[PDB]
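Chain letters run A, B, ... following the sequence lines, proteins first and then strands; every chain starts at 1.
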Amino acid sequence: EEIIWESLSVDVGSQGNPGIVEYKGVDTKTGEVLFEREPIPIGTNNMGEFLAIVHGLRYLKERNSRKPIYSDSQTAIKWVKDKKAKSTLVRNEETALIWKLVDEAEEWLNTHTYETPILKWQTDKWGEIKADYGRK
RNA sequence: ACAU
DNA sequence: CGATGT
Ligand SMILES: [K+]
Ligand SMILES: [K+]
Ligand SMILES: [K+]
Ligand SMILES: [Mg+2]
Ligand SMILES: [Mg+2]
């Protein structure tokens, strides 16, 4: 603790895993929805969590904001740190779109800088992240 | 085990 | 119960 309330919180939502994936980012303090990605027909939870963080980085950088990002995904936080999404999802025609977005997110990370802290949301202490989809 |  | 990940 404690929660850094001046922050952006992101989360994935899905219908199946693998399944339809979407994500959104919210103001941690107010819950205001700041961005929401159109659903992607097939992806994994972790790909979506990764895309949500990278989109947050891009959203904050464009707005000259130094706020941190919270994610509840140990996996996606590590993938962003490594600039490499180590997903097991088959690459095929059905998964081409999510894999294109993941490839492009990695490419963005490899061509841009940021100081944004990427912080673990401590669900066990604080409850569900503010960007959660309320589906579980 | 832990994080989803 | 199933799945994605370290
Ligand atoms: K949920
Ligand atoms: K969770
Ligand atoms: K497991
Ligand atoms: Mg999550
Ligand atoms: Mg959630």
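- Applying the 4.0 Å criterion to OP1 and OP2 of C:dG5, one finds that A:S73 has every side-chain N and O outside that range.
- For the OP1/OP2 pair of C:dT6 and a distance below 4.0 Å, the side-chain nitrogens and oxygens of A:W79 include at least one atom meeting the criterion.
- Between the side chain of A:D132 and the backbone N or O of A:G134 there is at least one donor-acceptor pair closer than 3.5 Å.
- Considering only side-chain N and O atoms, A:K120 lies under 4.0 angstrom from the phosphate OP1 or OP2 of B:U4.
- When the side-chain nitrogen and oxygen atoms of A:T123 are compared with OP1 and OP2 of B:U4, one or more of them lie within a distance under 4.0 Å.
- In summary, A:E104 and A:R58 do not engage in a salt bridge, as defined by a charged side-chain N under 4.0 Å from a carboxylate O.
- Residue A:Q122 contributes atom CD, which lies 10 Å from atom P of B:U4 at whole-angstrom precision.
- Ion pairing between A:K125 and A:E1 fails under the 4.0 Å rule for side-chain N and carboxylate O.
- Going from atom CD1 of A:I118 over to atom P of B:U4 covers 16 Å, rounded to whole Å.
- Nearest nucleotide to the A:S87 side chain, out of C:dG5, B:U4, C:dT6: C:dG5.
- A salt bridge is defined here as a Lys NZ or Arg NE, NH1 or NH2 lying under 4.0 Å from an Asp or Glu carboxylate O, and A:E115 with A:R66 meets this definition.
- Relative to the side chain of A:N17, the nucleotides B:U4, C:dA3, C:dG5 differ in distance, and C:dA3 lies closest.
- Counting non-hydrogen atoms under 4.0 angstrom, A:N46 reaches a base of the nucleic acid.
- Between the CD atom of A:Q15 and the P atom of C:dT4 there is a distance of 17 Å, given to the nearest Å.
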